[PDB]
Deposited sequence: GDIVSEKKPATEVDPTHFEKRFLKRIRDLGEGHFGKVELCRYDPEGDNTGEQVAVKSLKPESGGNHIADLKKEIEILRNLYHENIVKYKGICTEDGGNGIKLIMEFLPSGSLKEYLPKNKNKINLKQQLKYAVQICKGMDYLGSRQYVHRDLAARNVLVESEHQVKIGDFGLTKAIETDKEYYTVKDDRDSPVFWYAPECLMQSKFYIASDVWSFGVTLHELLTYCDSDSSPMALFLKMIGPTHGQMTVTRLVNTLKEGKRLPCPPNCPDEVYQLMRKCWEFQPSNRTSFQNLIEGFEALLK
């Protein structure tokens, strides 16, 4: 008799599924060598009223992006950027923070952001990082460019492209791809043996705190300052030159107008040996003591 077809199941909406046809690119926000993030509007009504979102996609590594999505999808913390969903190849949809990262926000808001507010941001970054460490992750890319500004009073860790799980009962993750490491943010064990501990993120945090205290000025950046300390024309010998400097005991200097008590907390992040470094919880205590 009549053509047979399939009875249609009632289709619910998944609020975490973003349809490609409604996701409209506004502009680039940032990138790496394999990934990039764009500002889009998700505009199903087509009248430019939809919400703005940050969209992370691959540059023309799918497995790594899917792993990043699964990591972020399951992080819930006020100082970690919010997962919104996916668009499926696959794109990661996150909340968009108009102020951008500390690199964008700090140079423009020096007058508004005093030492007290910097310390509160420092606490917030530590709380986010301590949460990540409690989920048994190492971030491996903690720098001011990856700290987003939600408001004058709040920051969030805003990218997880290099984040890796540390195996249960084990203490570090060993890295293989290292061609694009942010070496001027990396602890010695990372630079020398390619091992990543939670203590390695504490080291990076120290450097990120330096950036925050210098309002992310490009002439005071950890790279600029290190290249001054070791020489800017060593090419492929740069990292060995860096490693030796750190071995000698040389560190980034105290930022202008940074009180010594703040600088001492920073130096505890940079004990040459991972086991000798401060923890994120102890940093929080330290900053809070300075705020009260």
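J.: No C-alpha coordinates anywhere in a stretch? Then put that deposited-sequence range on the list, in order along the chain.
T.: Sequence ranges with no C-alpha atoms are 61-65, 94-98.
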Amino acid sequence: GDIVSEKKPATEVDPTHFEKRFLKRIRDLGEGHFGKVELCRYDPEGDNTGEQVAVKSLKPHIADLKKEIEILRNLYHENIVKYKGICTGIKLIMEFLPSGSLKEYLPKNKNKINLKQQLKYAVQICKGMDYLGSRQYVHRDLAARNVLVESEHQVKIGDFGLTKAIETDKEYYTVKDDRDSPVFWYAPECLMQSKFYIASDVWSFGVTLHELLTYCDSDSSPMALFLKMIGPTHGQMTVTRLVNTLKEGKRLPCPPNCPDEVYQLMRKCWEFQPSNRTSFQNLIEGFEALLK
From here on, numbers count along this sequence of modelled residues.
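Note that the rigid core is defined as the largest set of C-alphas that superpose within 1.5 Å between two forms.
J.: Root mean square C-alpha distance from this form after a core fit in 9 other deposited structures of this protein: higher for 196-204 or for 174-182?
T.: Of the two stretches, the larger average C-alpha offset in 9 other deposited structures of this protein falls on 174-182.
J.: Going by root mean square C-alpha distance after a core fit, say whether 165-173 or 137-145 is farther from the shown form in 9 other deposited structures of this protein.
T.: When 165-173 and 137-145 are compared in 9 other deposited structures of this protein, 165-173 lies farther out.
J.: Should the higher mean CA B-factor in the entry be assigned to 270-278 or to 20-28?
T.: Stretch with the greater average CA B-factor: 270-278.
J.: Higher average CA B factor in the deposited record is what I'm after, so tell me if that's 114-122 or 188-196.
T.: Of 188-196 and 114-122, the stretch with the higher C-alpha B-factor average is 188-196.
J.: By the CA temperature factor listed in this entry, which of these ranks top: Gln52, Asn257, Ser57, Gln236?
T.: Of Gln52, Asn257, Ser57, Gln236, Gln236 has the highest C-alpha B-factor.
J.: Name the one of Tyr173, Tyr131, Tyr215, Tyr83 with the greatest CA B-factor according to the PDB entry.
T.: Largest recorded C-alpha B-factor: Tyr173.
J.: Compare the C-alpha B factor of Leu252 with those of the other modelled residues in its chain, then answer lowest, middle or highest third.
T.: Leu252: CA B-factor falls in the lowest third of its chain.
J.: Which third, lowest, middle or highest, does the CA B-factor of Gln136 fall in along this chain?
T.: Highest third, going by the recorded CA B-factors of the chain.
J.: Split the chain's modelled residues into thirds by Cα B-factor; is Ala10 in the lowest, middle or highest one?
T.: Highest third, going by the recorded CA B-factors of the chain.
J.: Hey, what third does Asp180 fall into on Cα B-factor, ranked over its chain?
T.: Tercile = highest for this residue's CA B-factor.
J.: Looking at the entry's B-factor column for C-alpha atoms only, identify whether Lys228 ranks in the lowest, middle or highest third of its chain.
T.: It falls in the top third of the chain.
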